[PDB]
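Student: Sharing a structure below in structure tokens format, with a few things to ask.
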RNA sequence: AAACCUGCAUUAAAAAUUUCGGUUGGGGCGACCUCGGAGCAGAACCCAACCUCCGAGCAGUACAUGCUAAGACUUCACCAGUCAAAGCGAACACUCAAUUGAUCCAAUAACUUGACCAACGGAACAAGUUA
RNA sequence: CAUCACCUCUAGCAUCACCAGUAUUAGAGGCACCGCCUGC
RNA sequence: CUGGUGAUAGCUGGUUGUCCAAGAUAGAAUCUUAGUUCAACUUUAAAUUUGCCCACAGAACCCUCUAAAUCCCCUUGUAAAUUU
Ligand SMILES: C[S@@+](CC[C@H](N)C(=O)[O-])C[C@H]1O[C@@H](n2cnc3c(N)ncnc32)[C@H](O)[C@@H]1O
Ligand SMILES: [Mg+2]
Ligand SMILES: [Mg+2]
Ligand SMILES: [Mg+2]
Ligand SMILES: [Mg+2]
Ligand SMILES: [Mg+2]
Ligand SMILES: [Mg+2]
Ligand SMILES: [Mg+2]
Ligand SMILES: [Mg+2]
Ligand SMILES: [Mg+2]
Ligand SMILES: [Mg+2]
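Structure, rendered in structure tokens:
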């Protein structure tokens, strides 16, 4: 039951404060996704800030 | 009180006889400088893992030696199979090497007498054992 | 359940029902879904959509919760700008 | 003031966002391109071992 | 002084009525022991010359382990009561005159 | 709990292996109880040239490349396109955890360097079809794919749980384009069926039969072969080794080579099983095989491995304090 | 100076309260408890416990894996679980038999997260023995 | 079971037990005389 | 011995006039199988309109083939069924 993946939180760069949790490989650099932000109603860049838990 | 805790630890925690306590202090004066926790761990290591009883510990000057060298020589002998931990009854399959052979003898001569291993092999074990001990402290 | 209190001699209310359920005056009980805040990262959006919604209890559960609460919780309230105000009465209901 | 401060911060971030997306999109291609270029280099190096034999 | 507080809330009794204490209301928790608070200085008016101050009628502050043990029993100092200050104020006034 | 499986495994080994190795057993026992050295197998699909430079900075040395140049010095060759980096003799340094590269695949794999010898002894050639029995979890399977000399592969292991671990290893390391086609076939079936499903199909067959793994048994407390429930399996374990090897021998075409590998020091499961399969084929199917001499193979890898020179047929790599690779036993037999 | 006393901590001693989860004629040694599939009820559904056998406690691809909303299915209750037109917004209901855990509580600005609670509808924390 | 005998362990001392005692003593224990043999 | 104490007992035993009426065997969960909760079944009251029986038609290929049947079900015979 080795923890290959970890749970990280992506914070929107639009300043709206909207954030969502996604699963990524532990042995990988910080993700920068292009996710939909409901506050501005468009796809915005997101940045990993803090690891939540190890899956 | 520093002296009081040292002797009381031997008498109460280590269950040493008052006659035996005087001999240890007379023979091994490094006990007072040694920390109580490290001293207690050193004693129980010989009593349980090694199987050495109270009278032999006092006579063999066990407590004066460094704890680290005891771990290196004993575990290497234990893994070599030359040393057998006494069972519940206290019997051993093979007579264990005498404590004087393990500790009083020099490292180079100790390997030839009992370990029957080359110098180079023992050096690698110490680095391996140190890593295991270092991980042991961090893990606990 | 305390059917007769030791100081007033009257029926008591179980506070574990008040903190979890909402009673519409029509008789319905509204509750949450068990697990709408637990392990949302492993649940599909369709599953989470039906978890963060309010549902109604059945006949047996509603009867059970009525016995565990006093008449103070079954009275008609007139809270100002209550989100559930329009749900307190049934419309076009037969039998 | 708190509502206006949050609104201004959103507008300021949204101003730089189109350029950030383009730069982020460009960085994705550049890393993919460089990895693709290395694959060509390795194929030549792998071929060189067979090239020496022949 | 041991200052303690009740773990469990005591229900209101009302006006003119005694509170009803329960077996669980006997459970206390230590809030503060006044013996472990920083010490204070006792304010005294000296009557005779001392090593710290040699002027009679000069208000001084020293540790309570000194005024209570030495200054007060021996009559070296008196309490800094407002009435004593008024009496010594007149004494100082006569000295100036 | 109760009786530790570690002590039961050690007791069984202590009685059996003291006679076999004599004075060498105390030296072997310390290495077995100590952590084995990990070799770094560079992924050829990834940035192999860059990782090779990176490992050399960590004082790692490619013993495989050194062994390549020793073939002409001493005077079937071996499987080419293998790069495994290990430390110097007596060095306890551990490699850093593997990382994905720019290609999206892990740069290298950490494995026992003694497990590469069965792949090396296989003498793999380009354009061949390779059958691996008990391929999971993929210690030897990955090495075969690294060579690139196998156009078609059949990775079969009885336990689906081990197979699932193999596929994840293949996905992370081997690019999907190779795995997309029928080149790599992964199944979970008894290996004894392979002697009838596909006869004479493969030119190179690698048979790593299940066995009491000395390194894992003395440390792992989960699913130990020496626990009371697994005693029945341990008793019938030599029987399985004879049947699984025989199935692999029948699977190869005449003129092909089959390498039998076992991770144990037990003679009853290393030499006796090899002799049993040879007799079994002649008696029941009238099949004759020739065991090749691995002494030439041993003399090249003596620098980085310790070898036991009292083996009837195969080659046994014994663990040591300075060289902790092992225990590994492999025998190369060809079909005539 | 020192002691006694008191308060608060730290070891030790001697005690205090409480309990022995189920399944397999008994004991020993082991296995088992949840979920999926088959022998397994030949044809709607359900149903053969014990038993025999093999699995699962993942991973991968997405980052609109967004938001809302008719009508239904449902592991024979409940809890839970499943499918879904239209619509807004975008583009031009992911794969996978199982791949999972309620409430309370804890952490957090919010979002959200936390148990081999595997005795798997889960007691916040308790063994042996009695001839 | 107790038992002389043997053995282990603890204790350097007083005004209510031990004790109006003081290590040839007192207490807590094992074993069961003696004799022979043995560890150290 | 007294008091708390009419301790508690999923366990054993007992449970007192007459007459009539309706009325028995799917399960799930559980420190659970000597118990309880829900469902099913049963009872009473009420409301409403269909209920049962059932003509065709219809309900999968597999591993090659193969049973008594079952589901659904207009007519028709009947008087029940659903809901509160
Ligand atoms: C000792 S491991 C060897 C693993 C692999 N060969 C390696 O070295 O990297 C043997 C594996 O063979 C598998 N196995 C056991 N019995 C088998 C059988 N009858 N047929 C095929 N595989 C079997 C087991 O699951 C076990 O994990
Ligand atoms: Mg009042
Ligand atoms: Mg249902
Ligand atoms: Mg339970
Ligand atoms: Mg249960
Ligand atoms: Mg269930
Ligand atoms: Mg008796
Ligand atoms: Mg006796
Ligand atoms: Mg009673
Ligand atoms: Mg019961
Ligand atoms: Mg009747």
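Protein chains in written order, with our numbering: chain U, 37 to 91; chain F, 38 to 177; chain G, 74 to 168; chain S, 33 to 86; chain D, 1356 to 1452; chain H, 2 to 337. A virtual CB, placed ideally from N, CA and C, is assigned to each residue, including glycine.
#1: Examine ligand 2 and report whether any of its heavy atoms sits within less than 7 Å of the Cβ of residue 82 of chain G.
#2: Under 7 Å, CB to CB, which of the residues in the region 163-182 of chain H have a partner in chain U?
#3: Would you mind telling me which residues of chain S sit closer than 9 Å to residue 58 of chain U, beta carbon to beta carbon, in chain order?
#4: Here's the rule I'm using: 16 or more other beta-carbon atoms within 10 Å means buried, otherwise exposed. How should residue 215 of chain H be labelled?
#5: Spatial neighbours of residue 1 of chain H within its chain, please: CB distance less than 8 Å, with the 5 preceding and 5 following residues excluded, ordered by chain position.
#6: With DSSP collapsed to three states, give me the class of residue 383 of chain H.
#7: Among H:319, H:54 and H:136, whose alpha-carbon lies nearest the alpha-carbon of residue 160 of chain H?
#8: When Cβ atoms are compared, which residues of the region 48-65 of chain S fall closer than 7 Å to chain U?
#9: Counting only runs that start and end within the region 1390-1422 of chain D, where is the beta strand (DSSP E) found for 3 or more residues in a row?
#10: Using Cβ-Cβ distances below 8 Å, what residues of the region 71-100 of chain H are close to chain U?
#11: Rounded to a whole number of angstroms, what is the C-alpha to C-alpha distance between residue 98 of chain F and residue 53 of chain F?
#12: Please confirm if the region 176-191 of chain H is in contact with the region 200-209 of chain H, defined as three or more CB-CB distances below 8 Å between the two stretches.
#13: Beta carbon of residue 320 of chain H, beta carbon of residue 21 of chain H: below 8 Å?
#14: What in chain G is Cβ-close to residue 43 of chain U, meaning under 9 Å?
#15: Buried or exposed for residue 1437 of chain D, please, with buried defined as at least 16 other CB atoms from any protein chain shown within 10 angstroms of its CB.
#16: Where does residue 86 of chain U sit, in a helix, a strand or coil, going by DSSP?
#17: What residues in the region 101-118 of chain F bring their beta carbon closer than 8 Å to a beta carbon of chain H?
#18: Spatial neighbours of residue 1389 of chain D within its chain, please: C-beta separation below 6 Å, excluding the five flanking residues on both sides.
#19: So, are the CB atoms of residue 141 of chain G and residue 95 of chain G less than 8 Å apart?
#20: If you measure from the beta carbon of residue 67 of chain U to each beta carbon in chain S, is any gap under 8 Å?
#21: Just to confirm my understanding: we take residue 307 of chain H, look at its own chain, exclude 5 residues before and 5 after, and list those with CB closer than 6 Å. What are they?
#22: Going by the beta-carbon positions, is the gap between residue 1431 of chain D and residue 1401 of chain D smaller than 8 Å?
#23: Would you tell me roughly how many angstroms separate the C-alpha atoms of residue 333 of chain H and residue 115 of chain H, rounded to the nearest one?
#24: Within 10 angstroms of the Cβ of residue 1338 of chain D, are there 16 or more other Cβ atoms? Answer buried if so, exposed if not.
#25: Any idea what DSSP makes of residue 224 of chain H, helix, strand or coil?
#26: Count Cβ pairs between the region 1359-1375 of chain D and the region 122-135 of chain H that sit closer than 8 Å; are there 3 or more?
#27: Does any residue of chain H have a CB that is nearer than 8 Å to the CB of residue 165 of chain F?
#28: Measuring straight from C-alpha to C-alpha, what distance separates residue 144 of chain G and residue 51 of chain U?
#29: Would you call the region 187-206 of chain H in contact with the region 250-266 of chain H, where contact means no fewer than 3 C-beta pairs closer than 8 Å?
#30: Helix, strand or coil for residue 262 of chain H, going by three-state DSSP, please let me know.
#31: Below 8 Å, can you find three or more Cβ-Cβ pairs linking the region 222-236 of chain H to the region 263-276 of chain H?
#32: Note down, in chain order, every chain F residue with its Cβ under 8 Å from the Cβ of residue 323 of chain H.
#33: So, does the CB of residue 48 of chain H fall closer than 8 Å to a CB anywhere in chain S?
#34: Between the beta-carbon of residue 1 of chain H and the beta-carbon of residue 300 of chain H, is there less than 8 Å?
#35: Going along the chain, which residues of its own chain have a beta-carbon closer than 7 Å to the beta-carbon of residue 156 of chain F, five neighbours each way excluded?
#36: Does the count of Cβ pairs from the region 1369-1387 of chain D and the region 1406-1424 of chain D closer than 8 Å reach three?
Tutor: In brief:
#1: In the third chain, residue 82 of chain G corresponds to position 9, counting from 1. No; taking the cut-off as 7 Å, the Cβ of residue 82 of chain G has no heavy atom of ligand 2 nearer than that.
#2: none
#3: Start at 1 with the first residue of the first chain, and residue 58 of chain U comes out as number 22. Within 9 Å Cβ-Cβ: nothing; residue 58 of chain U doesn't reach chain S, min ~17 Å.
#4: Here residue 215 of chain H refers to the residue found at position 214 of the sixth chain. With 16 or more other Cβ atoms within 10 Å, it is buried.
#5: Past the boundaries of the shown model lies residue 1 of chain H; chain H is included only from 2 to 337, so the question cannot be answered.
#6: Lying outside 2 to 337, the shown extent of chain H, residue 383 of chain H is not represented and no answer is given.
#7: As a first step, residue 160 of chain H must be located in the sixth chain, where it is residue number 159. Ranking the options by Cα distance to residue 160 of chain H, first place goes to H:136.
#8: 49, 52, 53 and 56
#9: 1396-1401 and 1414-1418
#10: 98, 99 and 100
#11: Position 61 of the second chain, counting from 1, holds the residue named residue 98 of chain F. Position 16 of the second chain, counting from 1, holds the residue named residue 53 of chain F. Taking the straight line joining both Cα atoms gives about 14 Å.
#12: By the Cβ rule, the region 176-191 of chain H does not count as touching the region 200-209 of chain H, because fewer than three pairs are nearer than 8 Å.
#13: What you label residue 320 of chain H is simply residue 319 of the sixth chain in a count that begins at 1. What you label residue 21 of chain H is simply residue 20 of the sixth chain in a count that begins at 1. In this structure, residue 21 of chain H does not lie closer than 8 Å to residue 320 of chain H by Cβ.
#14: Along the first chain, one-based indexing puts residue 43 of chain U at 7. Ordered by position in chain G, the residues that pass the 9 Å Cβ test against residue 43 of chain U are 114.
#15: Taking the first residue of the fifth chain as position 1, residue 1437 of chain D is located at position 82. Residue 1437 of chain D is classed as exposed because its beta carbon has fewer than 16 other beta carbons within 10 Å across all chains shown.
#16: Here residue 86 of chain U corresponds to residue number 50 of the first chain, with the count starting at 1. Residue 86 of chain U: strand per DSSP, three-state reduction.
#17: 113, 116, 117 and 118
#18: One-based indexing of the fifth chain puts residue 1389 of chain D at position 34. The residues are 1356.
#19: Taking the first residue of the third chain as 1, we reach residue 141 of chain G at position 68. Taking the first residue of the third chain as 1, we reach residue 95 of chain G at position 22. No. Outside cutoff.
#20: By 1-based counting over the first chain, the position of residue 67 of chain U is 31. Chain S, which has no Cβ nearer than 8 Å to the Cβ of residue 67 of chain U, makes this no.
#21: As a working note, residue 307 of chain H is residue 306 in the sixth chain. The residues are 319, 321 and 324.
#22: Indexing the fifth chain from 1 puts residue 1431 of chain D at position 76. Indexing the fifth chain from 1 puts residue 1401 of chain D at position 46. Yes. Within cutoff.
#23: Counting from one through the sixth chain, the residue named residue 333 of chain H turns up at place 332. Counting from one through the sixth chain, the residue named residue 115 of chain H turns up at place 114. Their backbone Cα atoms lie some 15 Å apart in a straight line.
#24: Here chain D comprises residues numbered 1356 to 1452, so residue 1338 of chain D is not present and cannot be evaluated.
#25: Numbered from its first residue, the sixth chain carries residue 224 of chain H at position 223. Looking at residue 224 of chain H - three-state DSSP - the assignment turns out to be coil, as it is neither helix nor strand.
#26: No, because fewer than three Cβ pairs between the region 1359-1375 of chain D and the region 122-135 of chain H fall closer than 8 Å, the two stretches do not touch.
#27: For the purposes of this step, residue 165 of chain F is taken as the residue at position 128 of the second chain. For residue 165 of chain F, the answer is yes, since a Cβ of chain H falls inside 8 Å of its Cβ.
#28: Here residue 144 of chain G refers to the residue found at position 71 of the third chain. Here residue 51 of chain U refers to the residue found at position 15 of the first chain. Between residue 144 of chain G and residue 51 of chain U, the C-alpha separation is close to 49 Å.
#29: Counting C-beta pairs closer than 8 Å gives three or more between the region 187-206 of chain H and the region 250-266 of chain H, which meets the contact rule.
#30: Residue numbering aside, residue 262 of chain H sits at position 261 when the sixth chain is read from its first letter. If DSSP states are grouped into helix, strand and coil, residue 262 of chain H belongs with the strands.
#31: no
#32: As a position in the sixth chain, residue 323 of chain H is number 322, starting the count at 1. Those within 8 Å of residue 323 of chain H in chain F are 157, 158 and 161.
#33: In the sixth chain, the residue the question calls residue 48 of chain H occupies position 47. Chain S contact via Cβ: present.
#34: Outside the shown range of chain H, which is 2 to 337, sits residue 1 of chain H, and nothing can be said about it.
#35: Looking up residue 156 of chain F in the second chain gives position 119. The beta carbon of residue 156 of chain F sits closer than 7 Å to the beta carbons of 145 and 148 from its chain, once the five residues preceding and following it are set aside; these are given in chain order.
#36: no
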